[PDB]
$ cat final-v2.txt   # compact mmCIF, C-alpha atoms
# COMPACT_ATOMS: atom_id res chain seq x y z
CA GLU A 1 99.15 97.70 68.04
CA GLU A 2 100.74 100.88 69.37
CA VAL A 3 98.32 103.41 70.86
CA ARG A 4 98.70 106.41 73.15
CA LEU A 5 97.23 106.53 76.59
CA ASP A 6 94.97 109.50 75.74
CA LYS A 7 93.87 107.68 72.62
CA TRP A 8 93.19 104.49 74.55
CA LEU A 9 91.25 106.26 77.27
CA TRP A 10 89.21 107.80 74.50
CA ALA A 11 88.79 104.49 72.65
CA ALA A 12 87.52 103.00 75.96
CA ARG A 13 84.98 105.87 76.27
CA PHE A 14 86.31 107.10 79.64
CA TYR A 15 86.46 110.62 78.22
CA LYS A 16 84.21 112.03 75.46
CA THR A 17 86.93 113.66 73.41
CA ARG A 18 90.59 112.95 72.69
CA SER A 19 91.36 116.42 74.01
CA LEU A 20 89.64 115.81 77.35
CA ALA A 21 91.56 112.54 77.80
CA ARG A 22 94.88 114.25 77.03
CA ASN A 23 94.05 117.16 79.36
CA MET A 24 93.09 114.73 82.13
CA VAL A 25 96.40 112.83 81.93
CA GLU A 26 98.38 116.05 81.79
CA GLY A 27 96.64 117.51 84.79
CA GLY A 28 97.86 114.50 86.81
CA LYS A 29 94.36 112.99 87.15
CA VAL A 30 95.38 109.72 85.54
CA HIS A 31 97.99 107.33 86.91
CA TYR A 32 99.71 104.56 85.06
CA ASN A 33 100.97 101.83 87.42
CA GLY A 34 100.71 104.29 90.32
CA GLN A 35 102.53 107.19 88.70
CA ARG A 36 101.89 110.36 86.70
CA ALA A 37 102.41 109.73 82.98
CA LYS A 38 102.64 111.42 79.58
CA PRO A 39 99.60 111.33 77.35
CA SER A 40 101.73 109.87 74.54
CA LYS A 41 102.80 106.83 76.54
CA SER A 42 101.95 103.59 74.75
CA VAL A 43 99.56 101.32 76.61
CA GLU A 44 100.59 97.83 77.83
CA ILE A 45 98.36 94.83 78.58
CA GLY A 46 98.18 94.21 82.33
CA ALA A 47 98.90 97.86 83.10
CA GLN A 48 97.07 99.55 85.98
CA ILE A 49 95.28 102.81 85.25
CA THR A 50 93.80 104.95 88.07
CA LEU A 51 91.46 107.67 86.77
CA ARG A 52 88.88 110.17 87.96
CA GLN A 53 85.31 110.08 86.65
CA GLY A 54 83.08 112.87 87.94
CA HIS A 55 83.46 112.22 91.65
CA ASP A 56 84.57 108.61 91.31
CA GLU A 57 88.01 107.07 91.34
CA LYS A 58 88.40 103.99 89.17
CA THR A 59 91.32 101.60 88.93
CA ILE A 60 91.10 99.40 85.84
CA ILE A 61 93.47 96.82 84.35
CA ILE A 62 94.12 97.01 80.62
CA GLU A 63 92.83 93.79 79.06
CA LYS A 64 93.07 94.84 75.41
CA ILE A 65 94.53 97.48 73.06
CA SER A 66 92.41 99.32 70.47
CA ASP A 67 92.83 102.63 68.68
CA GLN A 68 89.17 102.66 67.65
CA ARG A 69 86.29 104.30 69.47
CA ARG A 70 83.32 102.01 69.29
CA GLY A 71 79.78 101.65 70.51
CA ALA A 72 79.51 101.32 74.27
CA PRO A 73 78.76 97.56 74.34
CA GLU A 74 81.92 97.01 72.37
CA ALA A 75 84.38 99.17 74.34
CA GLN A 76 83.98 97.41 77.68
CA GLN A 77 86.16 94.51 76.56
CA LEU A 78 89.33 96.65 76.78
CA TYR A 79 89.40 96.85 80.62
CA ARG A 80 88.33 95.36 83.95
CA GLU A 81 87.93 97.41 87.14
CA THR A 82 89.54 95.88 90.22
CA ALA A 83 87.34 94.50 93.03
CA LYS A 84 89.20 96.90 95.31
CA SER A 85 88.13 99.88 93.27
CA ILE A 86 84.52 98.73 92.94
CA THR A 87 83.78 98.32 96.65
CA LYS A 88 85.68 101.47 97.41
CA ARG A 89 83.80 103.36 94.72
CA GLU A 90 80.40 102.29 95.99
CA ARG A 91 81.29 102.91 99.61
CA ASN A 92 81.91 106.58 98.93
CA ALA A 93 78.74 106.53 96.82
CA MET A 94 76.89 105.40 99.88
CA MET A 95 78.27 108.06 102.18
CA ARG A 96 77.11 110.86 99.98
CA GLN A 97 73.55 109.79 100.33
CA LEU A 98 73.82 109.71 104.17
CA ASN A 99 75.93 112.95 104.34
CA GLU B 1 106.38 78.91 82.70
CA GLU B 2 106.12 76.28 85.49
CA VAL B 3 105.16 77.74 88.85
CA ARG B 4 104.23 76.32 92.21
CA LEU B 5 101.02 77.32 93.89
CA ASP B 6 102.76 78.54 97.05
CA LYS B 7 105.09 80.54 94.76
CA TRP B 8 102.22 81.95 92.69
CA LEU B 9 100.40 83.05 95.82
CA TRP B 10 103.55 84.82 96.91
CA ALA B 11 103.98 86.47 93.50
CA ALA B 12 100.30 87.53 93.58
CA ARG B 13 100.92 89.09 97.00
CA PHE B 14 98.28 87.07 98.82
CA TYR B 15 100.82 86.11 101.47
CA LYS B 16 103.88 88.24 102.33
CA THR B 17 106.29 85.33 102.29
CA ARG B 18 106.66 82.08 100.41
CA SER B 19 106.90 80.03 103.53
CA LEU B 20 103.59 81.23 104.96
CA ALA B 21 102.00 80.43 101.58
CA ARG B 22 103.09 76.78 101.80
CA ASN B 23 101.94 76.53 105.43
CA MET B 24 98.56 77.96 104.34
CA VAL B 25 98.21 75.38 101.51
CA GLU B 26 99.26 72.54 103.83
CA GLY B 27 96.68 73.59 106.42
CA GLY B 28 93.77 73.33 103.95
CA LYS B 29 93.11 77.06 104.06
CA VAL B 30 93.67 77.28 100.30
CA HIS B 31 91.58 75.47 97.72
CA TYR B 32 92.54 74.75 94.12
CA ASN B 33 89.50 74.12 91.91
CA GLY B 34 87.42 73.48 95.08
CA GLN B 35 89.77 70.86 96.52
CA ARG B 36 92.72 70.71 98.92
CA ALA B 37 96.09 70.68 97.15
CA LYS B 38 99.83 70.36 97.55
CA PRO B 39 101.82 73.60 97.61
CA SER B 40 103.96 72.14 94.81
CA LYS B 41 101.12 71.90 92.33
CA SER B 42 101.86 73.77 89.06
CA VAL B 43 99.29 76.55 88.49
CA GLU B 44 97.01 76.78 85.43
CA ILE B 45 95.45 79.76 83.61
CA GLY B 46 91.70 79.87 84.34
CA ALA B 47 92.01 77.87 87.57
CA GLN B 48 89.89 78.77 90.63
CA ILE B 49 91.61 79.62 93.93
CA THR B 50 89.66 79.96 97.21
CA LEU B 51 91.64 81.44 100.11
CA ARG B 52 91.30 83.24 103.43
CA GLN B 53 92.90 86.66 103.69
CA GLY B 54 92.15 87.44 107.34
CA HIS B 55 88.50 87.03 108.28
CA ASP B 56 87.42 87.05 104.63
CA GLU B 57 87.14 84.41 101.94
CA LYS B 58 88.15 85.27 98.39
CA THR B 59 87.57 83.30 95.19
CA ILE B 60 89.70 84.43 92.27
CA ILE B 61 90.48 83.25 88.76
CA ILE B 62 94.08 83.02 87.60
CA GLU B 63 94.53 85.36 84.68
CA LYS B 64 98.26 85.12 84.29
CA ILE B 65 101.18 82.91 85.37
CA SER B 66 104.24 84.64 86.81
CA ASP B 67 106.96 83.59 89.21
CA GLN B 68 107.97 87.10 90.02
CA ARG B 69 106.70 89.02 92.98
CA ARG B 70 106.40 92.62 91.90
CA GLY B 71 104.89 95.86 93.12
CA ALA B 72 101.25 95.96 94.16
CA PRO B 73 100.07 97.79 91.01
CA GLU B 74 101.70 95.07 88.88
CA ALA B 75 100.42 91.97 90.70
CA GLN B 76 96.72 92.62 90.09
CA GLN B 77 96.90 91.44 86.46
CA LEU B 78 97.39 87.85 87.51
CA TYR B 79 93.81 87.42 88.79
CA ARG B 80 90.26 88.70 88.91
CA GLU B 81 87.88 88.14 91.82
CA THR B 82 84.47 86.72 90.79
CA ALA B 83 81.24 88.67 91.09
CA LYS B 84 80.12 85.97 93.52
CA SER B 85 83.16 86.38 95.80
CA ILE B 86 82.79 90.19 95.83
CA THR B 87 79.13 90.41 96.67
CA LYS B 88 79.64 87.72 99.30
CA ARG B 89 82.67 89.48 100.88
CA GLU B 90 80.72 92.67 101.07
CA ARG B 91 77.66 90.80 102.38
CA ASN B 92 79.45 89.43 105.41
CA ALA B 93 81.52 92.58 105.98
CA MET B 94 78.83 95.19 106.58
CA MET B 95 77.26 92.43 108.61
CA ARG B 96 79.84 92.40 111.32
CA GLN B 97 79.30 95.67 113.20
CA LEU B 98 75.55 96.50 112.82
CA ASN B 99 75.44 92.99 114.34
CA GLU C 1 86.47 76.41 67.81
CA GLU C 2 83.03 77.51 66.51
CA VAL C 3 80.29 77.63 69.18
CA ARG C 4 76.66 78.65 69.43
CA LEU C 5 75.39 81.35 71.66
CA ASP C 6 73.17 78.46 72.70
CA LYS C 7 75.85 76.01 73.64
CA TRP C 8 78.07 78.75 75.00
CA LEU C 9 75.43 80.05 77.40
CA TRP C 10 74.91 76.48 78.53
CA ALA C 11 78.64 75.62 78.81
CA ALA C 12 79.12 78.71 81.07
CA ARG C 13 76.28 77.35 83.24
CA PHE C 14 73.93 80.36 82.83
CA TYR C 15 70.96 78.17 81.97
CA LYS C 16 70.75 74.58 83.20
CA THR C 17 69.74 72.96 79.91
CA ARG C 18 70.74 73.58 76.33
CA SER C 19 67.02 73.84 75.44
CA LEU C 20 66.24 76.53 78.03
CA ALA C 21 69.16 78.54 76.64
CA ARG C 22 67.89 78.29 73.07
CA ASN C 23 64.47 79.33 74.28
CA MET C 24 65.82 82.37 76.16
CA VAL C 25 67.62 83.72 73.09
CA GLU C 26 64.60 83.02 70.95
CA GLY C 27 62.29 84.74 73.37
CA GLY C 28 64.49 87.85 73.12
CA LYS C 29 65.62 87.44 76.73
CA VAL C 30 69.27 87.50 75.69
CA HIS C 31 71.01 90.41 74.00
CA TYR C 32 74.24 90.21 71.99
CA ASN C 33 75.98 93.55 71.63
CA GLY C 34 72.74 95.34 72.58
CA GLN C 35 70.56 93.55 70.08
CA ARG C 36 68.25 90.53 69.88
CA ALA C 37 69.96 87.53 68.30
CA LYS C 38 69.67 84.05 66.84
CA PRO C 39 70.68 81.24 69.17
CA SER C 40 72.82 80.10 66.27
CA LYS C 41 75.00 83.26 66.22
CA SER C 42 78.65 82.24 66.50
CA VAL C 43 80.13 83.54 69.73
CA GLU C 44 83.17 85.90 69.76
CA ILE C 45 85.67 86.84 72.48
CA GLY C 46 85.00 90.29 73.89
CA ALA C 47 81.33 90.25 72.89
CA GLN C 48 78.81 91.71 75.34
CA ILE C 49 75.97 89.49 76.56
CA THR C 50 73.03 90.84 78.54
CA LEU C 51 70.77 88.17 80.04
CA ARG C 52 67.87 87.50 82.39
CA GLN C 53 68.44 84.93 85.07
CA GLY C 54 66.05 85.22 87.96
CA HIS C 55 64.46 88.63 88.38
CA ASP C 56 67.97 90.06 87.81
CA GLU C 57 69.66 91.18 84.59
CA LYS C 58 73.37 90.37 84.06
CA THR C 59 75.84 91.94 81.67
CA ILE C 60 78.95 89.91 80.99
CA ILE C 61 81.81 89.85 78.49
CA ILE C 62 82.89 86.62 76.76
CA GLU C 63 86.45 85.85 78.02
CA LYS C 64 86.76 82.39 76.53
CA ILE C 65 85.09 80.05 74.12
CA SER C 66 84.29 76.52 75.19
CA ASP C 67 81.59 74.11 74.06
CA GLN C 68 82.01 72.00 77.20
CA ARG C 69 79.86 72.33 80.24
CA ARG C 70 82.23 71.65 83.07
CA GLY C 71 82.17 71.91 86.83
CA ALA C 72 81.14 75.14 88.51
CA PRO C 73 84.67 76.03 89.57
CA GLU C 74 85.73 75.49 85.99
CA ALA C 75 83.11 77.45 84.11
CA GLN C 76 83.73 80.85 85.69
CA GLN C 77 86.79 81.45 83.48
CA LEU C 78 84.66 81.84 80.29
CA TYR C 79 83.27 85.23 81.39
CA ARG C 80 83.42 88.28 83.65
CA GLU C 81 80.49 90.47 84.78
CA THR C 82 80.98 94.27 84.33
CA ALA C 83 81.25 96.43 87.53
CA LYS C 84 78.26 98.33 86.21
CA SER C 85 76.08 95.19 86.00
CA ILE C 86 77.32 94.17 89.48
CA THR C 87 76.39 97.48 91.15
CA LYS C 88 73.14 97.59 89.22
CA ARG C 89 72.19 94.14 90.49
CA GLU C 90 72.81 94.94 94.14
CA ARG C 91 71.14 98.35 93.77
CA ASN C 92 67.96 96.79 92.51
CA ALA C 93 68.64 94.08 95.06
CA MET C 94 68.93 96.01 98.36
CA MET C 95 66.05 98.17 97.09
CA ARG C 96 63.86 95.06 96.89
CA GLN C 97 62.72 93.92 100.35
CA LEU C 98 64.17 96.97 102.08
CA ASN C 99 60.89 98.24 100.60

$ encode --input "final-v2.txt" --output "structure tokens"
Amino acid sequence: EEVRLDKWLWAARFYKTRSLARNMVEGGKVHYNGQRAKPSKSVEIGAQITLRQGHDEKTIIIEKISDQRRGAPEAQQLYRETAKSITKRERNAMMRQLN
Amino acid sequence: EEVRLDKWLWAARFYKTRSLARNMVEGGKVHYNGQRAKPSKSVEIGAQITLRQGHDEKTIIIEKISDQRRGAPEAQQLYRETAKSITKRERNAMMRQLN
Amino acid sequence: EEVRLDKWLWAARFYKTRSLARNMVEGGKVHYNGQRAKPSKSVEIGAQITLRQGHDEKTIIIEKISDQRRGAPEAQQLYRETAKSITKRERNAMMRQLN
């Protein structure tokens, strides 16, 4: 019911290890509702996370709270990425091919 | 718990002001479950809104009912845009200047 | 509410008849959490369904459980498609007759 942001990011399979997720938050690469955050902050439903994956930026809305890391098909249910983020993500994807 | 459509649209930050939202609903530029509606209609969870935000059309599903207009990061949780609406917005968009 | 994968797929308007839906699961054309399934498997919220529609594949998450096939505006609320599935569809799309 109460889970840390680093934990949650890990449970959602955004980062491979719990350490990587906690390093990523701490290095300011993850926002929570548009701000820098602690990795021990407890996640809320309807919160906005903005995170960096490889070269992508993703903004996702927390749908659900788990402290368990599960198979890929089963982790997706915790979050939806905004339409904003998707189009924006693929537009920069494009550009790199054209470069 | 009971919120007007014009109000909801304002809270969701689709229109900047409440008054413009009611003018938009009155002018048929907003659909509620594929039909024209009154701006005083009480919103439901899981309802379909179709609206024009500029030169685009957006179809979104109400995720959450609030009567509070809040910051941009916090308004996104009220709705998700359909896969249909997204692909279609992007279809017509990159259509406009290659023209 | 206890609903078949069968009925659910039909209620969400993925396949036009209840029989076609039962046939698609039975022919292995529908995955449930990355596996082949019985069309009698009871559907759960947050489950991952991967299905063949046209020449496309779609990955969606169960948002809601209904056993009622309702109007198109009203069915969309049972499910969301992942961003991944969306980009994958349009990638294989654009790539199609651009050929």

$ closest_atom_pairs --input "final-v2.txt" --of "chain C" --to "chain B" --cutoff "7 Å" --atoms "only C-alpha atoms" --output "CSV"
residue,atom,partner,partner_atom,distance
C:73,CA,B:33,CA,5.7
C:74,CA,B:47,CA,6.9
C:77,CA,B:46,CA,5.2
C:81,CA,B:83,CA,6.6
C:86,CA,B:83,CA,6.9

$ residues_around --input "final-v2.txt" --residues "stretch 89-96 of chain B" --least-positions-apart "4" --cutoff "8 Å" --atoms "only C-alpha atoms" --output "ChimeraX atom specification"
/A:87 /B:56-58,85

$ calpha_fit_and_write --input "final-v2.txt" --fixed "chain C" --moving "chain B" --output "short mmCIF file (atom, residue, chain, number, x, y, z; two decimals) with C-alpha atoms, keeping the file's coordinate frame"
data_model
loop_
_atom_site.label_atom_id
_atom_site.label_comp_id
_atom_site.auth_asym_id
_atom_site.auth_seq_id
_atom_site.Cartn_x
_atom_site.Cartn_y
_atom_site.Cartn_z
CA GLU B 1 86.46 76.76 67.98
CA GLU B 2 82.98 77.49 66.53
CA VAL B 3 80.25 77.61 69.16
CA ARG B 4 76.61 78.55 69.18
CA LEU B 5 75.31 81.12 71.60
CA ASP B 6 72.72 78.77 73.10
CA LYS B 7 75.54 76.21 73.48
CA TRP B 8 77.93 78.73 75.03
CA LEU B 9 75.31 79.80 77.54
CA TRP B 10 74.86 76.17 78.46
CA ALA B 11 78.62 75.63 78.79
CA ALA B 12 78.86 78.80 80.93
CA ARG B 13 76.12 77.39 83.16
CA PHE B 14 73.73 80.30 82.72
CA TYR B 15 70.93 77.89 81.85
CA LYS B 16 70.81 74.26 83.06
CA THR B 17 69.94 72.84 79.67
CA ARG B 18 70.69 73.66 76.07
CA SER B 19 67.08 73.70 75.08
CA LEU B 20 66.09 76.33 77.64
CA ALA B 21 69.02 78.44 76.40
CA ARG B 22 67.66 78.47 72.84
CA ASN B 23 64.13 79.25 74.07
CA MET B 24 65.59 82.15 76.09
CA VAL B 25 67.45 83.55 73.03
CA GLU B 26 64.36 83.14 70.84
CA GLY B 27 62.22 85.00 73.38
CA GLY B 28 64.45 88.11 73.32
CA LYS B 29 65.53 87.61 76.92
CA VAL B 30 69.17 87.42 75.81
CA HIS B 31 71.03 90.22 74.07
CA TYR B 32 74.22 89.90 72.03
CA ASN B 33 76.09 93.21 71.76
CA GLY B 34 72.86 95.04 72.79
CA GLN B 35 70.68 93.43 70.13
CA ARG B 36 68.38 90.42 69.78
CA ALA B 37 70.07 87.42 68.16
CA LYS B 38 69.62 83.92 66.81
CA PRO B 39 70.61 81.07 69.12
CA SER B 40 72.81 79.77 66.29
CA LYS B 41 75.06 82.80 66.22
CA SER B 42 78.77 81.89 66.69
CA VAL B 43 80.17 83.57 69.83
CA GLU B 44 83.13 85.99 69.84
CA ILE B 45 85.79 86.78 72.47
CA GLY B 46 85.11 90.23 73.97
CA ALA B 47 81.41 90.18 73.04
CA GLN B 48 78.79 91.60 75.44
CA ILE B 49 75.94 89.36 76.65
CA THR B 50 72.93 90.76 78.56
CA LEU B 51 70.66 88.13 80.14
CA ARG B 52 68.09 87.56 82.86
CA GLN B 53 68.94 85.00 85.52
CA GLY B 54 65.73 85.09 87.55
CA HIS B 55 64.68 88.58 88.62
CA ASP B 56 68.14 89.99 87.88
CA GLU B 57 69.84 91.32 84.78
CA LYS B 58 73.49 90.49 84.17
CA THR B 59 75.89 91.97 81.62
CA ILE B 60 79.03 89.92 81.09
CA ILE B 61 81.99 89.91 78.73
CA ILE B 62 83.04 86.68 77.03
CA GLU B 63 86.56 85.88 78.12
CA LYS B 64 86.88 82.45 76.61
CA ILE B 65 85.17 80.22 74.02
CA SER B 66 84.38 76.65 75.05
CA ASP B 67 81.79 74.12 73.97
CA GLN B 68 82.15 72.03 77.05
CA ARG B 69 79.95 72.35 80.07
CA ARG B 70 82.11 71.68 83.08
CA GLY B 71 81.98 72.02 86.84
CA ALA B 72 81.00 75.34 88.39
CA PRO B 73 84.56 76.25 89.46
CA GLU B 74 85.72 75.74 85.86
CA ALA B 75 83.00 77.68 84.02
CA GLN B 76 83.76 81.06 85.59
CA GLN B 77 86.83 81.63 83.38
CA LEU B 78 84.69 82.12 80.31
CA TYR B 79 83.32 85.51 81.44
CA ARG B 80 83.58 88.48 83.75
CA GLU B 81 80.63 90.60 84.87
CA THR B 82 81.13 94.36 84.35
CA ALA B 83 81.44 96.82 87.22
CA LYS B 84 78.27 98.42 85.87
CA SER B 85 76.26 95.17 85.97
CA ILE B 86 77.45 94.39 89.52
CA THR B 87 76.70 97.71 91.13
CA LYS B 88 73.35 97.74 89.34
CA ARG B 89 72.43 94.17 90.44
CA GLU B 90 73.26 95.05 93.98
CA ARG B 91 71.40 98.37 93.66
CA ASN B 92 68.10 96.76 92.77
CA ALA B 93 68.58 93.80 95.12
CA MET B 94 68.82 95.51 98.50
CA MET B 95 66.01 97.60 97.12
CA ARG B 96 63.45 94.87 97.09
CA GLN B 97 62.71 94.21 100.77
CA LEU B 98 63.30 97.57 102.59
CA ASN B 99 60.74 98.55 99.92
#

$ residues_near_point --input "final-v2.txt" --point "(96.5, 104.4, 79.6)" --cutoff "7 Å" --atoms "all atoms listed in the file" --output "ChimeraX atom specification"
/A:5-6,8-9,32,43,49

$ write_last_selection --input "final-v2.txt" --atoms "C-alpha atoms" --output "CSV table (one decimal), in the coordinates of the input"
chain,number,residue,atom,x,y,z
A,5,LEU,CA,97.2,106.5,76.6
A,6,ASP,CA,95.0,109.5,75.7
A,8,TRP,CA,93.2,104.5,74.6
A,9,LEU,CA,91.2,106.3,77.3
A,32,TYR,CA,99.7,104.6,85.1
A,43,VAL,CA,99.6,101.3,76.6
A,49,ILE,CA,95.3,102.8,85.2

$ residues_around --input "final-v2.txt" --residues "stretch 21-30 of chain C" --least-positions-apart "5" --cutoff "7 Å" --atoms "all atoms listed in the file" --output "number ranges by chain"
C: 6, 9-10, 15, 36-39, 50-52

$ closest_residue --input "final-v2.txt" --among "A:99, A:3, A:20, A:53" --to "residue A:66" --atoms "only C-alpha atoms"
A:3

$ atom_distance --input "final-v2.txt" --atom1 "atom CA of residue B:13" --atom2 "atom CA of residue A:64"
23.7 Å

$ atom_distance --input "final-v2.txt" --atom1 "atom CA of residue C:72" --atom2 "atom CA of residue C:19"
19.3 Å

$ atom_distance --input "final-v2.txt" --atom1 "atom CA of residue A:68" --atom2 "atom CA of residue A:12"
8.5 Å

$ closest_residue --input "final-v2.txt" --among "A:69, A:88, A:76, A:35" --to "residue A:11" --atoms "all atoms listed in the file"
A:69

$ axis_aligned_box --input "final-v2.txt" --around "stretch 36-45 of chain B" --padding-each-side "4 Å" --output "AutoDock Vina command-line options"
--center_x 98.3 --center_y 75.1 --center_z 91.3 --size_x 19.2 --size_y 17.4 --size_z 23.3

$ build_atoms --input "final-v2.txt" --residues "stretch 33-53 of chain C" --atoms "N, CA, C and O atoms" --output "tab-separated table (two decimals), in the coordinates of the input"
chain	number	residue	atom	x	y	z
C	33	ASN	N	75.60	92.18	71.96
C	33	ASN	CA	75.98	93.55	71.63
C	33	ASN	C	74.81	94.55	71.53
C	33	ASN	O	74.74	95.37	70.61
C	34	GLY	N	73.89	94.45	72.50
C	34	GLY	CA	72.74	95.34	72.58
C	34	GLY	C	71.60	95.07	71.60
C	34	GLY	O	70.74	95.92	71.37
C	35	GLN	N	71.59	93.88	71.04
C	35	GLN	CA	70.56	93.55	70.08
C	35	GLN	C	70.02	92.14	70.31
C	35	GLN	O	70.71	91.29	70.86
C	36	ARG	N	68.79	91.89	69.86
C	36	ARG	CA	68.25	90.53	69.88
C	36	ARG	C	69.01	89.67	68.88
C	36	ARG	O	69.49	90.17	67.86
C	37	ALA	N	69.13	88.37	69.16
C	37	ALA	CA	69.96	87.53	68.30
C	37	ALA	C	69.40	86.15	68.09
C	37	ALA	O	68.50	85.72	68.81
C	38	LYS	N	69.94	85.46	67.08
C	38	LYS	CA	69.67	84.05	66.84
C	38	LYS	C	70.48	83.23	67.81
C	38	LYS	O	71.65	83.53	68.03
C	39	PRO	N	69.91	82.11	68.29
C	39	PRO	CA	70.68	81.24	69.17
C	39	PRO	C	71.75	80.49	68.41
C	39	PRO	O	72.57	79.81	69.02
C	40	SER	N	71.79	80.70	67.09
C	40	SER	CA	72.82	80.10	66.27
C	40	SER	C	73.98	81.08	65.97
C	40	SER	O	74.96	80.69	65.34
C	41	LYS	N	73.89	82.33	66.41
C	41	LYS	CA	75.00	83.26	66.22
C	41	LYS	C	76.28	82.70	66.83
C	41	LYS	O	76.28	82.25	67.99
C	42	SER	N	77.36	82.72	66.04
C	42	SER	CA	78.65	82.24	66.50
C	42	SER	C	79.23	83.25	67.48
C	42	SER	O	79.30	84.45	67.19
C	43	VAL	N	79.64	82.74	68.63
C	43	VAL	CA	80.13	83.54	69.73
C	43	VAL	C	81.55	84.05	69.45
C	43	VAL	O	82.36	83.34	68.84
C	44	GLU	N	81.82	85.30	69.81
C	44	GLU	CA	83.17	85.90	69.76
C	44	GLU	C	83.68	86.38	71.13
C	44	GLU	O	82.92	86.94	71.92
C	45	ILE	N	84.98	86.18	71.38
C	45	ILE	CA	85.67	86.84	72.48
C	45	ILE	C	85.51	88.36	72.51
C	45	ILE	O	85.65	89.03	71.49
C	46	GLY	N	85.17	88.88	73.69
C	46	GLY	CA	85.00	90.29	73.89
C	46	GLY	C	83.61	90.77	73.54
C	46	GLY	O	83.35	91.95	73.66
C	47	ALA	N	82.71	89.86	73.18
C	47	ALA	CA	81.33	90.25	72.89
C	47	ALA	C	80.63	90.55	74.20
C	47	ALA	O	81.01	90.03	75.24
C	48	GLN	N	79.59	91.38	74.15
C	48	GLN	CA	78.81	91.71	75.34
C	48	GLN	C	77.46	90.98	75.34
C	48	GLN	O	76.64	91.16	74.43
C	49	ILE	N	77.26	90.14	76.36
C	49	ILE	CA	75.97	89.49	76.56
C	49	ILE	C	75.18	90.04	77.75
C	49	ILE	O	75.68	90.11	78.89
C	50	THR	N	73.93	90.38	77.50
C	50	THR	CA	73.03	90.84	78.54
C	50	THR	C	71.89	89.84	78.68
C	50	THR	O	71.16	89.60	77.72
C	51	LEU	N	71.75	89.25	79.86
C	51	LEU	CA	70.77	88.17	80.04
C	51	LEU	C	69.97	88.24	81.34
C	51	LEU	O	70.40	88.83	82.34
C	52	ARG	N	68.79	87.62	81.28
C	52	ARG	CA	67.87	87.50	82.39
C	52	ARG	C	68.08	86.17	83.04
C	52	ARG	O	68.07	85.13	82.38
C	53	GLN	N	68.32	86.19	84.35
C	53	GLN	CA	68.44	84.93	85.07
C	53	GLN	C	67.22	84.72	85.94
C	53	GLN	O	66.31	83.98	85.57
